[PDB]
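Report on the structure given below.
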Amino acid sequence: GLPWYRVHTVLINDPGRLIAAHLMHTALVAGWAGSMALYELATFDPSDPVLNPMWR
Amino acid sequence: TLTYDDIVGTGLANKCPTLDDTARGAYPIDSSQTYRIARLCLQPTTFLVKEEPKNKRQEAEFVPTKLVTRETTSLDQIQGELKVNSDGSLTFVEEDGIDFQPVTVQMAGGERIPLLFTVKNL
Ligand code: CLA
Ligand code: CLA
Ligand code: CLA
Ligand code: CLA
Ligand SMILES: CCCCCCCCCCCCCCCC(=O)OC[C@H](CO[C@@H]1O[C@H](CS(=O)(=O)O)[C@@H](O)[C@H](O)[C@H]1O)OC(=O)CCCCCCCCCCCCCCC
Ligand SMILES: CCCCCCCCCCCCCCCC(=O)OC[C@H](COP(=O)(O)OC[C@@H](O)CO)OC(=O)CCCCCCCCCCCCCCC
Ligand SMILES: CC1=C(/C=C/C(C)=C/C=C/C(C)=C/C=C/C=C(C)/C=C/C=C(C)/C=C/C2=C(C)CCCC2(C)C)C(C)(C)CCC1
Ligand SMILES: CC1=C(/C=C/C(C)=C/C=C/C(C)=C/C=C\C=C(C)\C=C\C=C(C)\C=C\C2=C(C)CCCC2(C)C)C(C)(C)CCC1
């Protein structure tokens, strides 16, 4: 069968499932953005923009 | 004149009585007479909390907060003596009343600040 590093080549002649896969990828990235924002909000101390800003 | 059933649940019970704009007069004080405050009412509209200074040690300001304990904040039915002093100044000496309310306000960032809003022994 397909080698492991070629599994996604099944999408090459499958525009619909390629769109599905792109949707899934986009979903993963946006989910990442959401969860990252949430973790930072769960850790960020907003009490001192001068000596403890976000980049610290 | 309003009854309990007119007021109940409206939030008016937590409001102090007001006077209309025509009430800009003067109430004569007789230094020979004794006086009392029959009803003192205090209705807070804003709670400010002094921010805990970063460490810059400059002027730390009072910042706005959000009331989370609802319309439970007013002091009322407070009574006490109104002394007329030798120098013509008046001194209110609080004796009793509903002269305290526990209040929780919430700071930016979520920190809750409970306080005993009071004028006890005023
Ligand atoms: C953008 C991400 C993405 C997408 C859209 C796809 C989409 C596709 N892959 Mg998959 N794949 C991915 C990533 C992705 N893959 C990765 C990272 C791997 C390596 C593990 C694989 C390995 C893989 C194989 C081996 C195969 C596919 C196949 C396929 C297709 C069928 C779906 C499948 O069988 O899933 C299988 C893939 C998974 C179930 C992903 C693994 C899940 C990981 C471990 C994360 C799960 C999230 C988890 C809840 C978070 C953990 C948190 C942690 C801190 C504990 C499909 C076209 C098949 C295909 O059609 O081949 C012909 C197929 O056989 N993929
Ligand atoms: C838009 C970005 C993009 C896209 C859509 C593709 C698409 C494709 N490439 Mg890939 N490729 C890319 C970037 C991209 N490539 C880059 C930047 C490189 C250089 C590093 C390569 C190097 C590459 C090679 C060398 C090969 C492909 C091949 C393939 C195809 C099959 C992939 C597969 O089945 O893997 C399945 C993958 C897994 C089952 C697991 C991979 C696990 C990785 C290594 C570690 C974990 C990754 C993590 C989940 C991703 C985080 C996201 C990241 C951006 C930070 C597929 C058509 C293959 C091919 O053409 O087939 C004929 C092939 O041989 N690509
Ligand atoms: C009407 C013209 C039109 C428009 C506006 C688009 C728009 C876009 N195309 Mg599409 N495309 C078109 C015609 C069009 N295409 C045609 C004629 C073809 C040939 C068949 C393709 C083939 C195609 C492919 C193969 C791919 C795209 C993808 C994308 C999207 C990438 C950006 C993205 O995902 O943002 C993020 C998304 C959002 C911020 C949400 C947008 C809200 C959507 C549009 C509302 C969904 C409801 C709607 C009624 C149903 C789908 C609408 C459809 C016309 C796109 C994007 C939505 C890619 C994609 O879909 O990635 C997932 C992709 O892989 N397009
Ligand atoms: C514009 C930026 C960008 C781009 C171009 C891509 C491109 C792609 N993403 Mg990624 N992604 C992005 C942003 C981006 N992503 C973001 C912001 C997130 C949120 C964190 C993700 C999350 C994400 C996930 C969860 C997944 C992808 C996957 C993929 C690949 C799907 C195509 C494929 O089959 O490759 C085949 C794979 C390769 C060609 C290898 C890519 C190798 C990368 C560039 C570096 C790997 C680093 C190292 C070896 C392993 C990681 C370290 C480990 C300790 C965790 C593709 C390379 C999917 C994929 O990789 O499936 C296999 C997949 O599972 N992406
Ligand atoms: C630490 C682990 C804990 C994590 C667990 C959480 C998820 C548990 C579910 C995993 C088990 C999946 C069973 C496979 C189902 C199946 O039938 O596959 C086949 C199905 C179609 O159904 C099928 O389709 C088949 C043919 S075909 O694929 O359509 O060509 C056919 O054989 C069949 O009749 C039909 O039913 O299509 C697929 O190929 C999808 C399988 C891939 C699923 C793994 C992805 C999981 C990651 C998702 C995370 C989301 C991230 C958030 C972004 C929004
Ligand atoms: C965030 C979510 C992350 C989840 C993703 C999971 C990550 C999965 C990573 C998969 C990688 C597995 C590697 C494939 C390994 C493997 O299958 O190789 C063998 C493979 C041969 O493939 P073939 O073409 O022969 O087809 C056979 C098929 O059965 C393969 O599917 O070659 C390749 O895959 C290219 C890469 C070579 C890699 C060689 C490195 C090994 C040499 C030793 C190095 C260490 C010792 C050094 C000493 C100094
Ligand atoms: C469905 C449903 C629901 C929900 C959804 C959800 C619950 C959400 C989510 C999202 C999410 C919550 C998920 C996710 C994302 C994540 C990811 C995707 C990430 C990735 C990772 C990476 C990739 C990294 C890698 C590496 C390592 C790890 C470290 C170092 C190096 C690097 C960075 C490279 C709703 C209600 C909306 C409605 C509709 C339907
Ligand atoms: C239709 C309907 C429904 C459906 C459901 C849905 C649709 C859901 C989906 C599912 C899915 C879609 C899931 C989601 C998710 C996520 C995951 C499970 C993973 C993750 C994450 C993580 C692991 C974390 C990490 C992070 C990073 C990323 C950044 C920052 C840091 C941290 C660490 C936080 C049902 C069935 C109920 C039934 C009825 C009907």
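Checking the stated criteria, B:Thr22 turns out not to satisfy the condition of being closer than 23 Å to B:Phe117 by Cβ, hydroxyl-bearing (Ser, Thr, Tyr) and in a loop (DSSP other than H, G, I, E, B). For the stretch B:1-44, the tally of residues that are over 14 Å from the mean Cα position of the chain (by Cα) and within 23 Å of B:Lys83 (Cβ to Cβ) stands at 14. Selection over the stretch B:42-71 of residues that are closer than 17 Å to B:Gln101 by Cβ, polar (S, T, N, Q) and exposed (fewer than 13 other Cβ atoms within 10 Å of the Cβ) gives a count of 2. Beta carbons closer than 9 Å, at least 6 apart along the sequence or on distinct chains, pair a first residue in the stretch A:1-26 that is away from ligand 7 (no atom under 16 Å from the Cβ) with a second that is among the basic types (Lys, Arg) for A:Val10/A:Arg17; A:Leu11/A:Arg17. Take B:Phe62 and tell me if it is touching a residue at least 24 places away in the same chain (Cβ under 8 Å) and aromatic (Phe, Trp, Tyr). It is false that B:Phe62 is touching a residue at least 24 places away in the same chain (Cβ under 8 Å) and aromatic (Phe, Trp, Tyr).
Inspect the stretch A:29-37 for any residue being of a type in the set (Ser, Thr, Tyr) and away from ligand 6 (no atom under 16 Å from the Cβ) and give the result as yes or no. Checked the stretch A:29-37: no residue is of a type in the set (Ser, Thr, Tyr) and away from ligand 6 (no atom under 16 Å from the Cβ).
A residue that is out of contact with any strand residue (DSSP E or B) (no Cβ under 8 Å at 6 or more places or on another chain), closer than 30 Å to B:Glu52 by Cβ and surrounded by 10 or more Cβ atoms within 10 Å (Cβ to Cβ) cannot be found anywhere in the stretch A:6-27. The set of residues from the stretch B:27-52 being of a type outside the set (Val, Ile, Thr) and not in a strand (DSSP E or B) comprises B:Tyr27, B:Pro28, B:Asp30, B:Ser31, B:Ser32, B:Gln33, B:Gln43, B:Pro44, B:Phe47, B:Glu51, B:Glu52. Of all the residues in the stretch A:23-56, those that are more than 20 Å from B:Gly110 (Cα to Cα) and within 14 Å of chain B (Cβ to nearest Cβ) number 3.
Could we say that B:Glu95 is surrounded by 12 or more Cβ atoms within 10 Å (Cβ to Cβ), away from chain A (no Cβ under 14 Å) and either in contact with a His (Cβ under 8 Å, 6 or more places away or on another chain) or not in a strand (DSSP E or B) (or both) here? Judged against the criteria, B:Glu95 is not a match. Residues in the stretch A:34-55 that are surrounded by 10 or more Cβ atoms within 10 Å (Cβ to Cβ) and among the aliphatic types (A, V, I, L, M): A:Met36, A:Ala37, A:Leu38.
One line per residue, one yes/no per condition, for (1) among the hydrophobic types (A, V, I, L, M, F, W, C); (2) more than 14 Å from every other protein chain (Cβ to nearest Cβ):
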{"site": "B:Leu42", "(1), (2)": "yes, yes"}
{"site": "B:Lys50", "(1), (2)": "no, no"}
{"site": "B:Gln58", "(1), (2)": "no, no"}
{"site": "B:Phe62", "(1), (2)": "yes, yes"}
{"site": "B:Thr65", "(1), (2)": "no, yes"}
{"site": "B:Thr73", "(1), (2)": "no, yes"}
{"site": "B:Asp76", "(1), (2)": "no, yes"}
{"site": "B:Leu82", "(1), (2)": "yes, yes"}
{"site": "B:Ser86", "(1), (2)": "no, yes"}
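Taking the criterion of being within 10 Å of ligand 8 (Cβ to nearest atom) and more than 17 Å from the chain's Cα centre (by Cα), the residues of the stretch A:1-46 that qualify are A:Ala42, A:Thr43.
Quick note: the coordinates plus some simple rules give every number you see, no bench work behind them. We place every Cβ from the backbone using ideal geometry, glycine too, and count neighbours over all the protein chains shown.
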